[PDB]
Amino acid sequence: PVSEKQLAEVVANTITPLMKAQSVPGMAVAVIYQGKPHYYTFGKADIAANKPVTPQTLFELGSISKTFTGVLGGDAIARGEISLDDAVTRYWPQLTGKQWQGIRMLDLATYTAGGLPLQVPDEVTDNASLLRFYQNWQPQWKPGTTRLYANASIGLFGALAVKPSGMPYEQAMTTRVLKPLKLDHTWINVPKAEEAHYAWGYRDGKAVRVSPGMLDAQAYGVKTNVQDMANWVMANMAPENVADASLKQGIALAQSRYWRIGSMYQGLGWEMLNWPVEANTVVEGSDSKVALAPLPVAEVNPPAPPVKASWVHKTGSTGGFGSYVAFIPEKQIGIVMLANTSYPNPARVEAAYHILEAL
């Protein structure tokens, strides 16, 4: 294997047209091919300041942050601190509403609680209002019957999962996930010293960065560079190489199949499809019309351990960023696409599929 010059061509040929069509300012790309990460960088991080995109440029991950939440939860499970079968109420006893009765930790993690909203209401700014919000929520469906992708669901999962540890979320994440994996440039809160590397997102011509929100850290607040992200993919595609025993298992727990929703499988943060899969299947499923809709689930009990022959992926966006990650453990290939403009899901998926198709 080589084709290095061929590889650089494949990427350029796919990304070049993408940036022109969706008018993306800058993009950092990583292709993992036979245990070796390959970095590609394009455009600008900061238009005004005319700063180019570099392997050290920090991007906002949006929903890709949920894969971190998934692994942290997995690790806690693996440590014995938590169980997917546990009642939510075991961790948050204040949640006295009769409606919380049959809801488990698993439901929160996999969006099956019964219709918790996509977003935490903007009116919620503190513990009091947060508690209130959850206490008054009226489920539209019964637990374990319908999947409704929501921040308010996995957001709470993450907040609760770290209780037994005694450490606040950001601390638990750094200590148990980042440190061990040597993800030294992965932040929840970017330090002053690193700020020079923090790119500007672009929306309606305006430069923008993500704002603070309740459960932001747990659902969409991670910031990284293409370097750490590539290392994240590698750790997930080949967990046998992870030294920490609970982390190792945590990763396997996050890639396990808990529910069946047509052709896709819901993991902890991660979403999977059986490989081989047709492009249209992946692309079509990524559109908001499908991705954000309430759909019936089929339980996988016991949960199926990770399948090598899968298409593991996750899309993520912020007001001004658009990211995508995909890998096939069987083939030892992966891709990372970080952009500073939020462009349609389908286009990210199509682009990633095509490069990976050059297997």
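Quick note: we count residues from 1 along the sequence shown, nothing fancier. Rigid core here is just the name for the largest C-alpha set that superposes within 1.5 Å across the two forms.
Between 270-278 and 198-206, the larger root mean square Cα shift in 6 other deposited structures of this protein, once each structure is superposed on the rigid core, falls on 198-206. After superposition on the rigid core, the larger root-mean-square Cα deviation in 6 other deposited structures of this protein belongs to 122-130, not to the other of 122-130 and 108-116. Remark: stretch with higher mean C-alpha B factor among 66-74 and 313-321 is 313-321. Stretches compared: 231-239, 213-221. Higher mean C-alpha B-factor in the entry: 231-239. Across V336, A339, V10, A347, the greatest Cα temperature factor reported in the deposited entry is at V10. Highest CA B-factor among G250, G115, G269, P276, as stated in the entry: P276.
The PDB entry assigns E60 a C-alpha temperature factor belonging to the lowest third of its chain's modelled residues. When the modelled residues of the chain are ordered by C-alpha B-factor, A109 sits in the lowest third. In this PDB entry, the Cα temperature factor of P296 sits in the bottom third of its chain's modelled residues, the lowest group. Ranked within its chain, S153 lands in the lowest third, by CA B factor from the PDB record. The entry lists a Cα temperature factor for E123 that places it in the highest third of the chain's modelled residues.
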